[PDB]
$ cat target36.cif   # mmCIF, C-alpha atoms and all ligand atoms
data_input
#
loop_
_atom_site.group_PDB
_atom_site.id
_atom_site.type_symbol
_atom_site.label_atom_id
_atom_site.label_comp_id
_atom_site.auth_asym_id
_atom_site.auth_seq_id
_atom_site.Cartn_x
_atom_site.Cartn_y
_atom_site.Cartn_z
ATOM 1 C CA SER A 1 117.100 130.252 98.916
ATOM 2 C CA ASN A 2 120.440 129.496 100.597
ATOM 3 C CA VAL A 3 120.482 125.711 101.020
ATOM 4 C CA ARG A 4 122.478 123.934 103.727
ATOM 5 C CA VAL A 5 122.900 120.287 104.664
ATOM 6 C CA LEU A 6 122.272 119.758 108.383
ATOM 7 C CA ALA A 7 122.781 115.982 108.630
ATOM 8 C CA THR A 8 123.750 113.013 106.449
ATOM 9 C CA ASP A 9 123.785 109.222 106.754
ATOM 10 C CA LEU A 10 120.156 109.224 107.959
ATOM 11 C CA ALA A 11 118.271 105.964 107.289
ATOM 12 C CA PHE A 12 115.262 107.293 105.332
ATOM 13 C CA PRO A 13 114.584 110.518 107.252
ATOM 14 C CA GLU A 14 111.002 111.691 107.715
ATOM 15 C CA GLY A 15 108.680 113.490 110.167
ATOM 16 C CA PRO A 16 110.887 116.475 111.004
ATOM 17 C CA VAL A 17 109.818 118.500 114.033
ATOM 18 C CA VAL A 18 111.796 121.744 114.380
ATOM 19 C CA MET A 19 112.186 122.756 118.005
ATOM 20 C CA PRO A 20 112.306 126.377 119.187
ATOM 21 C CA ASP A 21 116.117 126.239 119.526
ATOM 22 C CA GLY A 22 116.497 125.051 115.933
ATOM 23 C CA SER A 23 117.259 121.452 116.819
ATOM 24 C CA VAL A 24 115.260 118.902 114.784
ATOM 25 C CA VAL A 25 113.710 115.688 116.080
ATOM 26 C CA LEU A 26 112.873 113.363 113.209
ATOM 27 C CA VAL A 27 112.212 109.726 112.381
ATOM 28 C CA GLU A 28 114.525 107.353 110.516
ATOM 29 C CA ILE A 29 112.073 104.866 109.074
ATOM 30 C CA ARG A 30 114.698 102.319 107.990
ATOM 31 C CA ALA A 31 116.683 102.537 111.250
ATOM 32 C CA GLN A 32 113.434 102.438 113.287
ATOM 33 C CA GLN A 33 114.339 105.276 115.584
ATOM 34 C CA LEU A 34 113.657 108.846 116.626
ATOM 35 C CA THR A 35 116.773 111.021 116.209
ATOM 36 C CA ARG A 36 117.757 114.507 117.393
ATOM 37 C CA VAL A 37 119.910 116.678 115.125
ATOM 38 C CA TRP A 38 121.541 119.689 116.716
ATOM 39 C CA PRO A 39 122.706 122.864 114.949
ATOM 40 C CA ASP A 40 126.306 122.265 116.073
ATOM 41 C CA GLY A 41 126.202 119.184 113.776
ATOM 42 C CA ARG A 42 125.936 116.484 116.432
ATOM 43 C CA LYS A 43 123.194 113.846 116.353
ATOM 44 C CA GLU A 44 121.736 111.682 119.126
ATOM 45 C CA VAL A 45 119.272 108.812 119.045
ATOM 46 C CA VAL A 46 116.321 109.750 121.259
ATOM 47 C CA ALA A 47 114.512 106.409 121.134
ATOM 48 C CA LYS A 48 114.231 103.156 119.228
ATOM 49 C CA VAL A 49 110.720 102.799 117.801
ATOM 50 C CA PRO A 50 110.271 99.295 116.360
ATOM 51 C CA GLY A 51 108.446 98.957 113.088
ATOM 52 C CA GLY A 52 108.081 101.910 110.753
ATOM 53 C CA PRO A 53 108.091 105.288 112.508
ATOM 54 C CA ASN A 54 106.827 107.533 109.706
ATOM 55 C CA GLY A 55 105.689 110.921 111.035
ATOM 56 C CA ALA A 56 106.029 112.926 114.223
ATOM 57 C CA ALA A 57 104.412 115.802 116.044
ATOM 58 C CA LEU A 58 104.944 117.298 119.481
ATOM 59 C CA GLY A 59 101.932 116.918 121.702
ATOM 60 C CA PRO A 60 100.302 118.882 124.507
ATOM 61 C CA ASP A 61 101.879 116.549 127.037
ATOM 62 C CA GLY A 62 105.342 117.412 125.709
ATOM 63 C CA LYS A 63 105.785 113.922 124.282
ATOM 64 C CA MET A 64 106.469 113.174 120.614
ATOM 65 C CA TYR A 65 103.526 111.481 118.895
ATOM 66 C CA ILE A 66 104.457 109.031 116.113
ATOM 67 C CA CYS A 67 102.631 107.489 113.167
ATOM 68 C CA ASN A 68 104.026 103.956 112.976
ATOM 69 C CA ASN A 69 103.286 102.323 109.623
ATOM 70 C CA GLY A 70 104.259 98.898 110.975
ATOM 71 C CA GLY A 71 107.343 98.463 108.810
ATOM 72 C CA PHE A 72 108.262 98.383 105.120
ATOM 73 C CA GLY A 73 110.433 96.111 102.997
ATOM 74 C CA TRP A 74 113.646 97.790 101.838
ATOM 75 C CA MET A 75 113.966 102.478 98.880
ATOM 76 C CA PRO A 76 110.905 101.144 100.742
ATOM 77 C CA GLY A 77 108.516 98.600 99.298
ATOM 78 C CA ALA A 78 105.711 96.264 100.271
ATOM 79 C CA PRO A 79 106.505 94.592 103.627
ATOM 80 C CA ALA A 80 107.055 90.863 103.501
ATOM 81 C CA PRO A 81 104.704 89.378 106.133
ATOM 82 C CA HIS A 82 107.370 89.167 108.872
ATOM 83 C CA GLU A 83 108.558 92.779 108.369
ATOM 84 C CA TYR A 84 105.071 94.137 109.265
ATOM 85 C CA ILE A 85 103.969 94.359 112.917
ATOM 86 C CA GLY A 86 100.764 96.385 112.515
ATOM 87 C CA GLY A 87 100.182 100.101 112.263
ATOM 88 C CA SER A 88 99.779 102.225 115.348
ATOM 89 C CA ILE A 89 99.807 105.629 116.956
ATOM 90 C CA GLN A 90 102.566 105.911 119.562
ATOM 91 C CA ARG A 91 104.063 108.410 121.989
ATOM 92 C CA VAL A 92 107.714 108.854 122.965
ATOM 93 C CA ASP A 93 109.147 110.506 126.068
ATOM 94 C CA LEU A 94 111.911 112.773 124.753
ATOM 95 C CA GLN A 95 113.755 112.412 128.098
ATOM 96 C CA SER A 96 113.588 108.675 128.849
ATOM 97 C CA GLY A 97 112.970 107.252 125.377
ATOM 98 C CA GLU A 98 109.971 105.303 126.681
ATOM 99 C CA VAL A 99 107.643 104.321 123.823
ATOM 100 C CA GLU A 100 103.954 103.700 124.523
ATOM 101 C CA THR A 101 101.450 102.438 121.973
ATOM 102 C CA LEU A 102 98.166 104.355 122.116
ATOM 103 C CA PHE A 103 95.970 103.057 119.284
ATOM 104 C CA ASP A 104 96.327 100.124 116.929
ATOM 105 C CA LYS A 105 92.729 99.997 115.660
ATOM 106 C CA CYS A 106 89.688 102.165 115.020
ATOM 107 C CA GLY A 107 86.467 100.407 115.922
ATOM 108 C CA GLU A 108 86.870 96.808 114.801
ATOM 109 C CA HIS A 109 89.448 97.721 112.126
ATOM 110 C CA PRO A 110 93.227 97.570 112.633
ATOM 111 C CA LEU A 111 95.212 100.606 111.525
ATOM 112 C CA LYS A 112 97.243 99.712 108.459
ATOM 113 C CA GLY A 113 99.928 102.256 107.661
ATOM 114 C CA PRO A 114 99.671 105.484 109.661
ATOM 115 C CA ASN A 115 101.769 108.116 107.937
ATOM 116 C CA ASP A 116 101.661 111.713 109.174
ATOM 117 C CA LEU A 117 99.802 113.770 111.759
ATOM 118 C CA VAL A 118 98.890 117.234 113.038
ATOM 119 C CA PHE A 119 97.407 118.528 116.292
ATOM 120 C CA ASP A 120 94.501 120.975 116.411
ATOM 121 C CA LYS A 121 94.472 123.717 119.053
ATOM 122 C CA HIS A 122 92.394 121.637 121.481
ATOM 123 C CA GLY A 123 94.887 118.762 121.461
ATOM 124 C CA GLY A 124 92.941 116.604 119.029
ATOM 125 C CA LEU A 125 95.112 114.651 116.629
ATOM 126 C CA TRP A 126 94.549 114.195 112.894
ATOM 127 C CA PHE A 127 96.466 111.506 111.064
ATOM 128 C CA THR A 128 96.600 109.821 107.698
ATOM 129 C CA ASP A 129 96.705 106.135 106.796
ATOM 130 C CA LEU A 130 98.616 105.356 103.610
ATOM 131 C CA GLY A 131 97.595 101.704 103.825
ATOM 132 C CA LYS A 132 99.875 98.761 103.068
ATOM 133 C CA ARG A 133 100.757 97.202 99.722
ATOM 134 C CA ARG A 134 100.471 93.433 99.424
ATOM 135 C CA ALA A 135 101.423 91.177 96.541
ATOM 136 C CA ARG A 136 98.343 91.729 94.384
ATOM 137 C CA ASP A 137 96.315 94.413 96.149
ATOM 138 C CA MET A 138 96.628 97.462 98.354
ATOM 139 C CA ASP A 139 94.704 99.221 101.078
ATOM 140 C CA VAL A 140 92.685 102.349 100.419
ATOM 141 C CA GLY A 141 93.668 105.611 102.081
ATOM 142 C CA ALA A 142 92.073 107.122 105.150
ATOM 143 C CA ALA A 143 92.218 109.929 107.673
ATOM 144 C CA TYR A 144 91.418 109.685 111.372
ATOM 145 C CA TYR A 145 90.937 112.058 114.276
ATOM 146 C CA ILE A 146 91.733 111.249 117.894
ATOM 147 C CA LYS A 147 89.641 113.293 120.327
ATOM 148 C CA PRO A 148 91.372 115.589 122.838
ATOM 149 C CA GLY A 149 92.663 113.626 125.787
ATOM 150 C CA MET A 150 93.197 110.561 123.568
ATOM 151 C CA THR A 151 89.757 109.305 124.576
ATOM 152 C CA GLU A 152 88.352 108.064 121.251
ATOM 153 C CA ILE A 153 89.545 107.567 117.667
ATOM 154 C CA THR A 154 87.180 108.217 114.773
ATOM 155 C CA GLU A 155 87.278 107.656 111.022
ATOM 156 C CA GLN A 156 86.779 110.930 109.162
ATOM 157 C CA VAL A 157 87.824 110.062 105.567
ATOM 158 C CA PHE A 158 87.919 106.632 103.988
ATOM 159 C CA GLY A 159 88.245 105.193 100.533
ATOM 160 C CA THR A 160 90.593 107.567 98.753
ATOM 161 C CA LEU A 161 93.866 106.403 97.220
ATOM 162 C CA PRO A 162 96.670 106.345 99.829
ATOM 163 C CA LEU A 163 96.891 109.510 101.956
ATOM 164 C CA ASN A 164 100.174 110.917 103.175
ATOM 165 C CA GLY A 165 100.695 114.546 104.154
ATOM 166 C CA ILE A 166 98.128 116.201 106.397
ATOM 167 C CA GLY A 167 97.704 119.708 107.742
ATOM 168 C CA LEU A 168 95.268 122.307 108.999
ATOM 169 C CA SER A 169 94.490 125.740 107.605
ATOM 170 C CA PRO A 170 95.527 128.679 109.825
ATOM 171 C CA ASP A 171 91.938 129.044 111.103
ATOM 172 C CA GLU A 172 91.756 125.219 111.401
ATOM 173 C CA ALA A 173 88.403 125.177 109.544
ATOM 174 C CA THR A 174 89.943 123.094 106.714
ATOM 175 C CA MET A 175 92.002 119.900 106.802
ATOM 176 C CA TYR A 176 94.287 119.073 103.892
ATOM 177 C CA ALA A 177 95.424 115.578 102.911
ATOM 178 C CA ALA A 178 97.864 114.732 100.125
ATOM 179 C CA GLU A 179 96.966 111.753 97.933
ATOM 180 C CA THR A 180 100.259 110.115 97.030
ATOM 181 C CA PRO A 181 100.005 108.361 93.626
ATOM 182 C CA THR A 182 97.836 111.005 91.963
ATOM 183 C CA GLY A 183 99.699 114.104 93.103
ATOM 184 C CA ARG A 184 96.376 115.569 94.255
ATOM 185 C CA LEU A 185 95.875 117.745 97.322
ATOM 186 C CA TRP A 186 92.455 117.233 98.917
ATOM 187 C CA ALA A 187 90.649 119.785 101.094
ATOM 188 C CA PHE A 188 88.032 118.854 103.696
ATOM 189 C CA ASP A 189 85.777 121.409 105.357
ATOM 190 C CA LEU A 190 85.373 120.986 109.111
ATOM 191 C CA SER A 191 82.075 121.782 110.820
ATOM 192 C CA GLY A 192 83.993 121.781 114.097
ATOM 193 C CA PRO A 193 87.184 120.358 115.610
ATOM 194 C CA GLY A 194 87.728 116.779 114.442
ATOM 195 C CA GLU A 195 84.626 116.623 112.206
ATOM 196 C CA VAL A 196 84.557 116.729 108.409
ATOM 197 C CA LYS A 197 81.348 117.923 106.765
ATOM 198 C CA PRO A 198 80.599 116.751 103.176
ATOM 199 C CA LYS A 199 83.516 114.214 101.793
ATOM 200 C CA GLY A 200 86.029 116.642 100.297
ATOM 201 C CA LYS A 201 87.484 117.758 97.001
ATOM 202 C CA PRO A 202 90.825 117.793 95.148
ATOM 203 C CA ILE A 203 91.869 121.418 94.785
ATOM 204 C CA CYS A 204 95.115 120.763 92.882
ATOM 205 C CA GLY A 205 96.289 117.932 90.686
ATOM 206 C CA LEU A 206 99.806 118.092 89.354
ATOM 207 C CA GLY A 207 100.509 117.009 85.838
ATOM 208 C CA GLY A 208 102.903 114.503 84.433
ATOM 209 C CA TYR A 209 104.375 111.792 86.650
ATOM 210 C CA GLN A 210 104.535 113.425 90.072
ATOM 211 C CA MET A 211 103.487 112.031 93.462
ATOM 212 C CA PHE A 212 102.919 113.645 96.834
ATOM 213 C CA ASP A 213 104.398 112.820 100.243
ATOM 214 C CA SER A 214 104.136 114.973 103.407
ATOM 215 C CA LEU A 215 103.384 118.672 103.798
ATOM 216 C CA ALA A 216 103.482 121.818 105.947
ATOM 217 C CA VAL A 217 101.180 124.828 105.899
ATOM 218 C CA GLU A 218 102.320 128.478 105.654
ATOM 219 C CA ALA A 219 100.952 131.346 107.749
ATOM 220 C CA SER A 220 99.507 132.620 104.458
ATOM 221 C CA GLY A 221 97.432 129.446 104.147
ATOM 222 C CA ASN A 222 99.513 127.999 101.317
ATOM 223 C CA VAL A 223 100.172 124.263 101.544
ATOM 224 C CA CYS A 224 103.766 123.207 100.845
ATOM 225 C CA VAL A 225 103.835 119.582 99.692
ATOM 226 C CA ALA A 226 106.891 117.366 99.249
ATOM 227 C CA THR A 227 106.760 116.155 95.652
ATOM 228 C CA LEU A 228 108.249 112.809 94.686
ATOM 229 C CA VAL A 229 109.667 111.914 91.231
ATOM 230 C CA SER A 230 110.087 115.560 90.271
ATOM 231 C CA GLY A 231 111.896 116.283 93.558
ATOM 232 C CA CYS A 232 110.567 119.615 94.778
ATOM 233 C CA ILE A 233 108.248 121.392 97.184
ATOM 234 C CA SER A 234 104.924 122.226 95.523
ATOM 235 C CA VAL A 235 103.363 125.365 97.020
ATOM 236 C CA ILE A 236 99.582 125.324 96.595
ATOM 237 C CA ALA A 237 97.308 128.257 97.370
ATOM 238 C CA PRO A 238 94.110 127.709 99.387
ATOM 239 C CA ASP A 239 92.172 128.048 96.108
ATOM 240 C CA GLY A 240 94.293 125.298 94.544
ATOM 241 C CA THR A 241 96.582 127.452 92.424
ATOM 242 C CA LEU A 242 100.067 126.008 91.988
ATOM 243 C CA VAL A 243 102.079 128.984 93.234
ATOM 244 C CA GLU A 244 105.570 127.543 92.631
ATOM 245 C CA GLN A 245 107.743 124.426 92.706
ATOM 246 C CA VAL A 246 111.040 124.659 94.598
ATOM 247 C CA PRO A 247 113.578 122.012 93.491
ATOM 248 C CA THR A 248 115.422 120.119 96.204
ATOM 249 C CA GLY A 249 117.817 117.849 94.296
ATOM 250 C CA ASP A 250 116.288 114.527 95.440
ATOM 251 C CA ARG A 251 113.536 112.651 93.615
ATOM 252 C CA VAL A 252 112.588 111.165 97.026
ATOM 253 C CA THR A 253 111.770 114.443 98.830
ATOM 254 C CA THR A 254 109.398 113.425 101.596
ATOM 255 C CA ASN A 255 108.618 116.128 104.152
ATOM 256 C CA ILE A 256 108.998 119.779 105.125
ATOM 257 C CA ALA A 257 108.638 121.661 108.405
ATOM 258 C CA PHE A 258 109.089 125.334 109.300
ATOM 259 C CA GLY A 259 111.289 126.749 111.974
ATOM 260 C CA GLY A 260 113.966 129.240 112.808
ATOM 261 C CA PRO A 261 113.442 133.008 113.116
ATOM 262 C CA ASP A 262 109.900 133.977 112.070
ATOM 263 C CA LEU A 263 109.422 130.321 110.960
ATOM 264 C CA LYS A 264 111.070 131.366 107.693
ATOM 265 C CA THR A 265 113.443 128.403 107.422
ATOM 266 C CA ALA A 266 112.195 125.248 105.707
ATOM 267 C CA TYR A 267 113.622 121.959 107.021
ATOM 268 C CA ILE A 268 113.264 119.252 104.400
ATOM 269 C CA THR A 269 113.951 115.516 104.461
ATOM 270 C CA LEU A 270 115.726 114.195 101.334
ATOM 271 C CA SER A 271 115.084 110.520 101.973
ATOM 272 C CA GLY A 272 116.924 109.332 98.890
ATOM 273 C CA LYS A 273 120.181 111.051 99.849
ATOM 274 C CA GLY A 274 119.627 110.369 103.552
ATOM 275 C CA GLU A 275 119.829 114.075 104.330
ATOM 276 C CA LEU A 276 118.137 116.711 106.390
ATOM 277 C CA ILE A 277 118.506 120.133 104.776
ATOM 278 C CA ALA A 278 117.492 123.699 105.556
ATOM 279 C CA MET A 279 116.424 126.346 103.049
ATOM 280 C CA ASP A 280 115.469 129.998 103.310
ATOM 281 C CA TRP A 281 111.727 130.417 102.709
ATOM 282 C CA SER A 282 110.237 133.629 101.357
ATOM 283 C CA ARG A 283 107.150 133.472 103.626
ATOM 284 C CA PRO A 284 106.726 132.310 107.223
ATOM 285 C CA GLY A 285 105.348 128.960 108.212
ATOM 286 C CA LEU A 286 102.163 128.371 110.150
ATOM 287 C CA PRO A 287 102.995 127.904 113.849
ATOM 288 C CA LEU A 288 102.166 124.382 114.952
ATOM 289 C CA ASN A 289 100.056 123.860 118.047
ATOM 290 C CA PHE A 290 102.029 122.814 121.127
ATOM 291 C CA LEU A 291 105.341 123.507 119.341
ATOM 292 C CA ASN A 292 105.350 127.092 118.107
ATOM 293 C CA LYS A 293 102.283 128.604 119.819
HETATM 294 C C1 LIG B 301 107.067 105.974 100.386
HETATM 295 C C2 LIG B 301 106.205 106.463 101.532
HETATM 296 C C3 LIG B 301 106.443 105.778 102.888
HETATM 297 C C4 LIG B 301 107.158 106.835 103.747
HETATM 298 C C5 LIG B 301 106.744 108.141 103.101
HETATM 299 O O1 LIG B 301 107.773 109.106 103.131
HETATM 300 O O2 LIG B 301 105.618 108.603 103.716
HETATM 301 O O3 LIG B 301 106.426 107.878 101.759
HETATM 302 CA CA CA B 302 104.892 110.974 104.691
HETATM 303 NA NA NA B 303 105.719 118.453 107.849
#
$ encode --input "target36.cif" --output "structure tokens" --more "lines below"
Ligand SMILES: C[C@H]1CCC(O)(O)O1
Ligand SMILES: [Ca+2]
Ligand code: NA
Amino acid sequence: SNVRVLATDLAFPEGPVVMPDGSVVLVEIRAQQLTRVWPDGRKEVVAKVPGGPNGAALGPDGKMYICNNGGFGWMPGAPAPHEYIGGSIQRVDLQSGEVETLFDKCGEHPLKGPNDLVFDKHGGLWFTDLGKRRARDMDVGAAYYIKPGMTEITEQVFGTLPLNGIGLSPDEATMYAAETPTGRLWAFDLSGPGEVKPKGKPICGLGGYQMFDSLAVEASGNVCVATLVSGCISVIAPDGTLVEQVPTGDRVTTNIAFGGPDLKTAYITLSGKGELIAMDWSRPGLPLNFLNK
């Protein structure tokens, strides 16, 4: 595990997407932008994304899909009314910077705080909703699936505590969602693309005072979850076994993504230190649809 700092002075980095050339496109939630970090050290702003760009994934159209949580109040906190503009799913042209809003509601219900997302092999899009905190109450968590072609959005999970990281198993027959305040990883069986069958179960619950953020899946099927408070990556086997915890040096470790040769480099956002780092990983990551395969 040779650790290297790839970029600093990032304004709450999140949603890293590691390109084939080893460049990283990621979100800066606090600076409300999508940023490109190159291996020669240089950085460029790809697009301004007003609100709270929170997670990213490259889509089948070659555009970068964004979970926009609508904005926080700044370490993030509950958004004062004016700092919140509504949650949405958006799309950014990585060549022009054009931002288009795709969904801001499901049925008659506005999206609250979209957080992270993952494409299935047909181009369908899974995403989590962390909800928003208000003065005296908070939204429940949820997970949604947008049908291939961006034709329809559906609610698949609803009524958990806030949900954050999301991924698919290698065979894409299981969707994983990380429940933030409990440090529990939930697994949901899929009867087919975009459809949970009964709705799921927690396969791992960490002890102590540990919370979960975003995640990335390994080719082995292990789920690698950014772990807040204790500041590490928690590697969880498909059967729920805690395989290992890799310290990162930041209590606000928020996301991980695999790239580099054989997808054996982990790219991690340390959102407390404002850093993007890279770390050797003993096992290869799961190739993401429309990015790595
Ligand atoms: C504190 C929450 C909001 C952004 C995050 O990284 O998903 O975690
Ligand atoms: Ca997240
Ligand atoms: Na990730």
$ atom_distance --input "target36.cif" --atom1 "atom CA of residue A:187" --atom2 "atom CA of residue A:203"
6.6 Å
$ closest_residue --input "target36.cif" --among "A:96, A:224, A:183, A:196" --to "residue A:208" --atoms "only C-alpha atoms"
A:183
$ closest_atom_pairs --input "target36.cif" --of "chain A" --to "ligand LIG 301 (chain B)" --cutoff "7 Å" --atoms "only C-alpha atoms and all ligand atoms" --output "Markdown table"
| residue | atom | partner | partner_atom | distance |
| --- | --- | --- | --- | --- |
| A:14 | CA | B:LIG301 | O1 | 6.2 |
| A:54 | CA | B:LIG301 | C4 | 6.0 |
| A:76 | CA | B:LIG301 | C1 | 6.2 |
| A:115 | CA | B:LIG301 | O2 | 5.7 |
| A:164 | CA | B:LIG301 | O2 | 5.9 |
| A:213 | CA | B:LIG301 | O3 | 5.6 |
| A:214 | CA | B:LIG301 | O2 | 6.5 |
| A:254 | CA | B:LIG301 | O1 | 4.9 |
$ closest_atom_pairs --input "target36.cif" --of "chain A" --to "ligand NA 303 (chain B)" --cutoff "9 Å" --atoms "only C-alpha atoms and all ligand atoms" --output "CSV"
residue,atom,partner,partner_atom,distance
A:14,CA,B:NA303,NA,8.6
A:15,CA,B:NA303,NA,6.2
A:16,CA,B:NA303,NA,6.4
A:17,CA,B:NA303,NA,7.4
A:55,CA,B:NA303,NA,8.2
A:56,CA,B:NA303,NA,8.4
A:57,CA,B:NA303,NA,8.7
A:116,CA,B:NA303,NA,8.0
A:117,CA,B:NA303,NA,8.5
A:118,CA,B:NA303,NA,8.7
A:165,CA,B:NA303,NA,7.4
A:166,CA,B:NA303,NA,8.1
A:167,CA,B:NA303,NA,8.1
A:214,CA,B:NA303,NA,5.9
A:215,CA,B:NA303,NA,4.7
A:216,CA,B:NA303,NA,4.5
A:217,CA,B:NA303,NA,8.1
A:224,CA,B:NA303,NA,8.7
A:225,CA,B:NA303,NA,8.4
A:226,CA,B:NA303,NA,8.7
A:254,CA,B:NA303,NA,8.8
A:255,CA,B:NA303,NA,5.2
A:256,CA,B:NA303,NA,4.5
A:257,CA,B:NA303,NA,4.4
A:258,CA,B:NA303,NA,7.8
A:267,CA,B:NA303,NA,8.7
A:268,CA,B:NA303,NA,8.3
$ axis_aligned_box --input "target36.cif" --around "stretch 254-258 of chain A" --padding-each-side "8 Å" --output "AutoDock Vina command-line options"
--center_x 109.0 --center_y 119.4 --center_z 105.4 --size_x 16.8 --size_y 27.9 --size_z 23.7
$ closest_residue --input "target36.cif" --among "A:19, A:47, A:26, A:235" --to "ligand CA 302 (chain B)" --atoms "only C-alpha atoms and all ligand atoms"
A:26
$ closest_residue --input "target36.cif" --among "A:45, A:64, A:58, A:276" --to "residue A:293" --atoms "only C-alpha atoms"
A:58
$ decode --input "target36.cif" --residues "stretch 50-73 of chain A" --atoms "N, CA and C atoms" --output "PDB file, in the first residue's frame"
ATOM      1  N   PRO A  50     -24.380  24.012 -10.082  1.00  0.00           N
ATOM      2  CA  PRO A  50     -24.929  24.673  -8.892  1.00  0.00           C
ATOM      3  C   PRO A  50     -25.648  23.716  -7.958  1.00  0.00           C
ATOM      4  N   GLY A  51     -25.483  23.957  -6.662  1.00  0.00           N
ATOM      5  CA  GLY A  51     -26.187  23.176  -5.679  1.00  0.00           C
ATOM      6  C   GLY A  51     -25.269  22.343  -4.820  1.00  0.00           C
ATOM      7  N   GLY A  52     -25.394  21.021  -4.938  1.00  0.00           N
ATOM      8  CA  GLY A  52     -24.559  20.098  -4.202  1.00  0.00           C
ATOM      9  C   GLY A  52     -24.207  18.846  -4.977  1.00  0.00           C
ATOM     10  N   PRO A  53     -23.409  19.000  -6.036  1.00  0.00           N
ATOM     11  CA  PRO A  53     -22.931  17.814  -6.775  1.00  0.00           C
ATOM     12  C   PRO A  53     -22.214  16.851  -5.842  1.00  0.00           C
ATOM     13  N   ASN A  54     -22.721  15.620  -5.760  1.00  0.00           N
ATOM     14  CA  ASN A  54     -22.372  14.688  -4.679  1.00  0.00           C
ATOM     15  C   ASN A  54     -21.767  13.370  -5.165  1.00  0.00           C
ATOM     16  N   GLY A  55     -22.156  12.895  -6.344  1.00  0.00           N
ATOM     17  CA  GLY A  55     -21.629  11.653  -6.866  1.00  0.00           C
ATOM     18  C   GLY A  55     -21.663  11.737  -8.378  1.00  0.00           C
ATOM     19  N   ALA A  56     -20.832  10.925  -9.013  1.00  0.00           N
ATOM     20  CA  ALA A  56     -20.672  10.970 -10.459  1.00  0.00           C
ATOM     21  C   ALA A  56     -20.466   9.579 -11.019  1.00  0.00           C
ATOM     22  N   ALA A  57     -20.899   9.418 -12.273  1.00  0.00           N
ATOM     23  CA  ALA A  57     -20.671   8.183 -12.997  1.00  0.00           C
ATOM     24  C   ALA A  57     -20.768   8.458 -14.491  1.00  0.00           C
ATOM     25  N   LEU A  58     -19.826   7.911 -15.247  1.00  0.00           N
ATOM     26  CA  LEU A  58     -19.867   8.068 -16.695  1.00  0.00           C
ATOM     27  C   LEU A  58     -20.969   7.212 -17.298  1.00  0.00           C
ATOM     28  N   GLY A  59     -21.713   7.823 -18.209  1.00  0.00           N
ATOM     29  CA  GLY A  59     -22.857   7.172 -18.794  1.00  0.00           C
ATOM     30  C   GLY A  59     -22.620   6.648 -20.194  1.00  0.00           C
ATOM     31  N   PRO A  60     -23.617   5.905 -20.687  1.00  0.00           N
ATOM     32  CA  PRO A  60     -23.497   5.323 -22.043  1.00  0.00           C
ATOM     33  C   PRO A  60     -23.438   6.360 -23.138  1.00  0.00           C
ATOM     34  N   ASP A  61     -23.892   7.564 -22.876  1.00  0.00           N
ATOM     35  CA  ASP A  61     -23.810   8.636 -23.848  1.00  0.00           C
ATOM     36  C   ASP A  61     -22.481   9.371 -23.767  1.00  0.00           C
ATOM     37  N   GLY A  62     -21.559   8.916 -22.923  1.00  0.00           N
ATOM     38  CA  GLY A  62     -20.301   9.605 -22.728  1.00  0.00           C
ATOM     39  C   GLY A  62     -20.379  10.865 -21.899  1.00  0.00           C
ATOM     40  N   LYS A  63     -21.520  11.162 -21.315  1.00  0.00           N
ATOM     41  CA  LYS A  63     -21.661  12.305 -20.434  1.00  0.00           C
ATOM     42  C   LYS A  63     -21.523  11.834 -18.987  1.00  0.00           C
ATOM     43  N   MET A  64     -21.223  12.771 -18.099  1.00  0.00           N
ATOM     44  CA  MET A  64     -21.020  12.459 -16.685  1.00  0.00           C
ATOM     45  C   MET A  64     -22.333  12.710 -15.954  1.00  0.00           C
ATOM     46  N   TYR A  65     -22.913  11.649 -15.403  1.00  0.00           N
ATOM     47  CA  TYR A  65     -24.150  11.758 -14.638  1.00  0.00           C
ATOM     48  C   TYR A  65     -23.789  12.107 -13.205  1.00  0.00           C
ATOM     49  N   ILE A  66     -24.610  12.966 -12.589  1.00  0.00           N
ATOM     50  CA  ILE A  66     -24.357  13.603 -11.297  1.00  0.00           C
ATOM     51  C   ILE A  66     -25.576  13.408 -10.414  1.00  0.00           C
ATOM     52  N   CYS A  67     -25.346  12.999  -9.167  1.00  0.00           N
ATOM     53  CA  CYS A  67     -26.319  13.136  -8.084  1.00  0.00           C
ATOM     54  C   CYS A  67     -26.116  14.509  -7.481  1.00  0.00           C
ATOM     55  N   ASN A  68     -27.139  15.357  -7.550  1.00  0.00           N
ATOM     56  CA  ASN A  68     -27.079  16.686  -6.955  1.00  0.00           C
ATOM     57  C   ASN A  68     -27.963  16.678  -5.709  1.00  0.00           C
ATOM     58  N   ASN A  69     -27.363  16.861  -4.537  1.00  0.00           N
ATOM     59  CA  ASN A  69     -28.142  16.811  -3.306  1.00  0.00           C
ATOM     60  C   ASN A  69     -28.837  18.126  -2.992  1.00  0.00           C
ATOM     61  N   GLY A  70     -28.708  19.124  -3.864  1.00  0.00           N
ATOM     62  CA  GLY A  70     -29.396  20.386  -3.700  1.00  0.00           C
ATOM     63  C   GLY A  70     -28.663  21.424  -2.889  1.00  0.00           C
ATOM     64  N   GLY A  71     -27.577  21.059  -2.234  1.00  0.00           N
ATOM     65  CA  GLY A  71     -26.801  21.983  -1.441  1.00  0.00           C
ATOM     66  C   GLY A  71     -26.831  21.598   0.027  1.00  0.00           C
ATOM     67  N   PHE A  72     -25.719  21.864   0.711  1.00  0.00           N
ATOM     68  CA  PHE A  72     -25.597  21.733   2.158  1.00  0.00           C
ATOM     69  C   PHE A  72     -25.353  23.108   2.781  1.00  0.00           C
ATOM     70  N   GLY A  73     -25.262  23.127   4.115  1.00  0.00           N
ATOM     71  CA  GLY A  73     -24.770  24.285   4.840  1.00  0.00           C
ATOM     72  C   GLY A  73     -23.433  24.005   5.505  1.00  0.00           C
TER      73      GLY A  73
END
